[PDB]
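Below is one structure, written out as structure tokens; comments come after it.
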Amino acid sequence: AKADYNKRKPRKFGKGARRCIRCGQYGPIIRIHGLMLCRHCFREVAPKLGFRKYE
Amino acid sequence: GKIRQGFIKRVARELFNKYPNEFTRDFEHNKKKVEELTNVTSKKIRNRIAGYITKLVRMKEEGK
Amino acid sequence: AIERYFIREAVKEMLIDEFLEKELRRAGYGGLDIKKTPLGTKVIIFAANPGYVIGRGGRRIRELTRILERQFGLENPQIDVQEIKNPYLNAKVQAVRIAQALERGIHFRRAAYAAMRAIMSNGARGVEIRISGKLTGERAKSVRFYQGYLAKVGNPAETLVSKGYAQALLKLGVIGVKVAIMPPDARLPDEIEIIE
Amino acid sequence: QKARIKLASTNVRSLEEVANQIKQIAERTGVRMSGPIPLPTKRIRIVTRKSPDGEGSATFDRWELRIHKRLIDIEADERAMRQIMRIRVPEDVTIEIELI
RNA sequence: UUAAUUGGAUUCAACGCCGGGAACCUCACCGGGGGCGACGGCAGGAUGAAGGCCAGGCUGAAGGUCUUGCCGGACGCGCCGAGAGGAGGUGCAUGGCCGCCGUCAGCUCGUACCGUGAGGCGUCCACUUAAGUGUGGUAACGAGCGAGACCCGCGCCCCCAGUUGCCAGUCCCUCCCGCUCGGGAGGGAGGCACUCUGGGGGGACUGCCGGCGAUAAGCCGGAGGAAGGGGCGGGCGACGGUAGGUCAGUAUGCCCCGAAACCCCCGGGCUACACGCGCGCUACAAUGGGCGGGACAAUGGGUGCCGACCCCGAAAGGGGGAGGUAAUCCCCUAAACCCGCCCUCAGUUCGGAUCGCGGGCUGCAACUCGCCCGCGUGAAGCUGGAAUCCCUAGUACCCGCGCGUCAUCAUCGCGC
Ligand SMILES: [Mg+2]
Ligand SMILES: [Mg+2]
Ligand SMILES: [Mg+2]
Ligand SMILES: [Mg+2]
Ligand SMILES: [Mg+2]
Ligand SMILES: [Mg+2]
Ligand SMILES: [Mg+2]
Ligand SMILES: [Mg+2]
Ligand SMILES: [Mg+2]
Ligand SMILES: [Mg+2]
Ligand SMILES: [Mg+2]
Ligand SMILES: [Mg+2]
Ligand SMILES: [Mg+2]
Ligand SMILES: [Mg+2]
Ligand SMILES: [Zn+2]
């Protein structure tokens, strides 16, 4: 089989086990309360989610 | 700097001329009158306006 | 616990809204609403050209329902299409319209002035439009159009002014369009009236 | 023989409306209801770096989400139980009913 | 220096920065091995295309390929266009976002007027303010954005509410002490007093008194008060500039690669080491070190999880396991501090770097290159030149704790 030379391994931990659900980046993922978003993407969609900057 | 704001002065002067015989030299009476005669919702702004009106009353009574 | 439930629902709406915004661009998309009923979900879509959304007697609404049920987590969806309430008071719609007008080939000054004229005619207190990109040459530039009353900073600017942003893809690159509009019913803190 | 009702919302006014409707329903009938007890508010706070790159002074955003809660106890009476079962809550309010 | 030690940032405004605590992945670097061309067409193709496999060689391992023959039925990279994809070049082609000038007080408009014109006036003068914040005079008279107003929290009082929060008074039962006149501790009834939790409201306005200034704007000093003169701490950063940073978060033009610069797998590297520098931790001891004993928190978090309680072990740890989707159960009986004894100014009973042997946990994997425990060993350091940093009140100094990152790992960031 030649298709087996393109599939990735199913990792369950490490930096490679989590991707942003909006841009697909690895790395700075916010894992709080089940969010899966980069620190970059969270800033520009936070008002739509109901967050506010009170202080 | 305790500098009074422009719109406070403007509204206070407008209220004073419209009802000259409505305000006294007592802060509480003026506070209630300002509360009832306008649509102001901020408690701070009401106090500023009432204080300036009190000053105006005592200043005109003295005759400048 | 309870916090995880609220966050999970908010993300679904954000993803669906972005997908529809990218998908229904030619139909003048203007937001959505999701309501939960014991039978399923009522999904209301606001647009300016419902014909494009429906797409010649079905064949597009069914596709959208299938995509929503499969790709996203909506159960038993049911899509209704309505009309935008105040198109000239919505900044997103106007920004997208200006971007499309630019993509057609109109000079940016004409588009900006036409948009401002229409918006002010339909009863708005103030409007501002900003256009940035490679306008008239290879050195980038920004221009700004304005008239009326508009509050830039503080809490009232956050909660009263409507804002919108859009991208225009031309032959030479992208052009950014920003629009801000103040509704006619907005009242600033220092506007006090004397009761007669 | 008593029912316990839990309410939660991100908008305080809607919560008050639902609580007032339940209180009026209990008032229009002879039935004792323990008053709406306010439980502690949930605050979700997230702090993030502002810049996309790493150059410049470091500045931070503090985003916050608030969830308000209420608790009501009422004795199970079918004449009033149906009335509260048919009230329609706004989409941003969560309601849960259990019998104890 | 190396096969590679991937790249960006260099005064303030680069150097615990890119949330950058990289064992694999992340990854972009080095050695090696495989896979990929929608759609048009050319050779070819049921007399079977394209594709897949039991065993055994090549191999780090591999139907990847070869040997050995079995499979299945409609397309066809052996060829030409075209295309997918690109952490490949360009931040001096762009969008968006961010730092700095700067939370500084600035930047403009309508009509009139002055100058041939570029321009000027308003926006100037005196006093005043944290402020182009105000009061008077003026060829100016009036407006806009910024400042202020606005939003969140903290401190004082009132009303409503009484569970999963609170326990003062009253009643009953049980157990202790100086034998019980008296004083304690649990449990059950019962209650919303007190604390707390969270909705609404009150309260401060230069309002009152005395001076200075002009009798204006304001300033200085007192009473009463929980609070006194932006009450205190935060959020929100105008028109523009900086060819400042980012195309290596995402979006995007042009140029390149396009059977490799695309997609996977294995092993290395980013962890090297004559040396220069930034920010820190631990110390150089008595304003202490050791041993035994005694006290008092808050913020947050928990189902891929927090785990009380019992048993085994010297420790690190191991075997069961109540309750918890949480004001209910758990993390969770902090340290600095106080009392008693040993050491008495010494490279030491100061300091704990470096190294030997042994025991453990996470993980698919612990050598390169993880963290913890026991015994042993015992480096420099005895207060620091020229220089130079932070801070005005519950602030600085000193002391620990929580969350982020996270299978395991905190001398870090954000908070208490
Ligand atoms: Mg480097
Ligand atoms: Mg770090
Ligand atoms: Mg590491
Ligand atoms: Mg690696
Ligand atoms: Mg630049
Ligand atoms: Mg002239
Ligand atoms: Mg001049
Ligand atoms: Mg001003
Ligand atoms: Mg302000
Ligand atoms: Mg540059
Ligand atoms: Mg490194
Ligand atoms: Mg020692
Ligand atoms: Mg090792
Ligand atoms: Mg010494
Ligand atoms: Zn992202």
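A, B, ... follow the sequence lines: proteins, then strands. Residue 1 opens every chain.
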Check: Watson-Crick or G-U wobble, both distances under 3.5 angstrom: are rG106(E) and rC145(E) paired?
Finding: yes
Checklist line | Pair assignment for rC291(E), Watson-Crick or G-U wobble, requiring both distances under 3.5 Å | finding: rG340(E)
Checklist line | Value in whole Å for how far the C1' atom of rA204(E) lies from NZ of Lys2(B) | finding: 8 Å
Next item on the list: Give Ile175(C) one of three labels, base, sugar-phosphate or nothing, depending on what nucleic acid heavy atoms sit under 4.0 Å from its own.
Entry: nothing
Note to self: Categorize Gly16(A) for me: base, sugar-phosphate, or nothing, with a 4.0 angstrom heavy-atom threshold over every strand shown.
What the structure shows: base
Margin query: For a quick check, tell me whether the side chain of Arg11(A) and the base of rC24(E) share a donor-acceptor pair closer than 3.5 Å.
Written below: yes
Checklist line | Pair present between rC39(E) and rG81(E), Watson-Crick or G-U, 3.5 Å cut-off | finding: yes
Checklist line | Test applied, side-chain hydrogen bond (donor to acceptor under 3.5 Å, both in side chains); reference residue, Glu128(C); option that passes from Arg144(C), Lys163(C), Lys178(C), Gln147(C) | finding: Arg144(C)
Margin query: Please determine whether a side-chain nitrogen of the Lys or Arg among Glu28(B) and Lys31(B) lies less than 4.0 Å from a carboxylate oxygen of the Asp or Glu.
Written below: yes
Next item on the list: For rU383(E), measure the glycosidic angle (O4'-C1'-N9-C4 for a purine, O4'-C1'-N1-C2 for a pyrimidine) and name it syn if it falls within 90° of 0, otherwise anti.
Entry: anti
Margin query: Using modelled atom types and a 3.5 Å cut-off, is there a donor and acceptor pairing between side-chain atoms of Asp73(D) and backbone atoms of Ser34(D)?
Written below: no
Check: Is the backbone of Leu172(C) close enough, under 3.5 Å, to the side chain of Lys134(C) for a donor and an acceptor to pair up by distance?
Finding: yes
Note to self: In terms of relative ring orientation, are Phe16(B) and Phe23(B) parallel, tilted or perpendicular, with 30° and 60° separating the classes?
What the structure shows: tilted
Next item on the list: Report yes or no: do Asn30(B) and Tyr52(B) form a side-chain donor-acceptor pair below 3.5 Å?
Entry: no
Check: Over how many whole Å does the gap from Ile5(D) atom CD1 to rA161(E) atom P extend?
Finding: 18 Å
Next item on the list: Identify whether any heavy atom of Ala140(C) sits under 4.0 Å from a base atom; if not, whether one sits that close to sugar-phosphate; answer base, sugar-phosphate or nothing.
Entry: sugar-phosphate
Next item on the list: Have a look at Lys43(B) and say if it touches a base, only the backbone sugar-phosphate, or nothing, with a 4.0 Å heavy-atom cut-off.
Entry: base
Notebook entry, point to check: Have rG267(E) and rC256(E) got a Watson-Crick or G-U wobble pairing, both distances under 3.5 Å?
Noted result: no
Note to self: Please classify the nucleic acid contact of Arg18(A) as base, sugar-phosphate, or nothing, using heavy-atom distances under 4.0 Å.
What the structure shows: sugar-phosphate
Next item on the list: Look at the side chain of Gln5(B) and the base of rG134(E), then say whether one donor and one acceptor between them are separated by less than 3.5 Å.
Entry: no
Notebook entry, point to check: Counting any heavy atom closer than 4.0 Å, what does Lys6(D) reach on the DNA or RNA strands: base, sugar-phosphate only, or nothing?
Noted result: base
Margin query: Under 4.0 Å, counting only non-hydrogen atoms across every strand here, what does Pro36(D) touch: a base, just sugar-phosphate, or nothing?
Written below: sugar-phosphate
Next item on the list: Compute whether any side-chain donor of one residue and acceptor of the other, for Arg62(D) and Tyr54(A), lie under 3.5 angstrom apart.
Entry: no
Next item on the list: Could you check whether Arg39(A) gets within reach of a base, just the sugar-phosphate, or nothing at all, counting any heavy atom under 4.0 Å?
Entry: base
Margin query: Just to be sure I understand the rule, does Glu158(C) reach a base, reach only the sugar-phosphate, or reach nothing, if contact means heavy atoms closer than 4.0 Å?
Written below: nothing
Note to self: Only pairs with both distances under 3.5 Å count, Watson-Crick or wobble alike; so what is the partner of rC277(E) in this structure?
What the structure shows: none
Notebook entry, point to check: Is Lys2(A) touching bases, backbone alone, or none of the nucleic acid, heavy atoms closer than 4.0 Å?
Noted result: sugar-phosphate
Note to self: Base, sugar-phosphate or nothing for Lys9(B)? Non-hydrogen atoms, less than 4.0 Å.
What the structure shows: sugar-phosphate
Note to self: So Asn47(B), base contact, sugar-phosphate only, or nothing? Heavy-atom distance under 4.0 Å.
What the structure shows: sugar-phosphate
Notebook entry, point to check: Expressed in angstrom and rounded to an integer, what is the separation of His40(A) atom NE2 from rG245(E) atom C1'?
Noted result: 12 Å
Next item on the list: In whole angstrom, give the distance that lies between atom NZ of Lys178(C) and atom P of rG95(E).
Entry: 10 Å
Margin query: Regarding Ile8(B), tell me which of base, sugar-phosphate or nothing describes its non-hydrogen contacts under 4.0 Å with the strands shown.
Written below: nothing
Note to self: Given the structure, check if the side chain of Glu55(A) and the base of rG233(E) hold any donor-acceptor pair shorter than 3.5 Å.
What the structure shows: yes
Notebook entry, point to check: So, is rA274(E) syn or anti if syn means the angle is within 90° of 0?
Noted result: syn
Item checked: Whole-Å gap separating P (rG235(E)) and CD1 (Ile46(D)) -> 19 Å
Check: Both distances under 3.5 Å and Watson-Crick or G-U wobble geometry: does that hold for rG102(E) with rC239(E)?
Finding: no
Checklist line | Two-distance pair test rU405(E) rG132(E), Watson-Crick or wobble, each under 3.5 Å | finding: no
Item checked: Interatomic distance, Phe60(D) CZ vs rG235(E) P [rounded to whole Å] -> 13 Å
Check: Taking a pair to be Watson-Crick (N1-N3 plus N6-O4 or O6-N4) or G-U wobble (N1-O2 and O6-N3), each under 3.5 Å, are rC403(E) and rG413(E) paired?
Finding: yes
Next item on the list: Syn or anti for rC389(E), please, going by whether the chi angle lies within 90° of 0.
Entry: anti
Item checked: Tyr54(A) OH - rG235(E) P separation (whole Å) -> 16 Å
Checklist line | Whole angstrom value for the distance that separates P of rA326(E) from CZ of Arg43(D) | finding: 19 Å
Notebook entry, point to check: Just checking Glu138(C): base, sugar-phosphate only, or nothing, at a heavy-atom cut-off of under 4.0 Å?
Noted result: sugar-phosphate
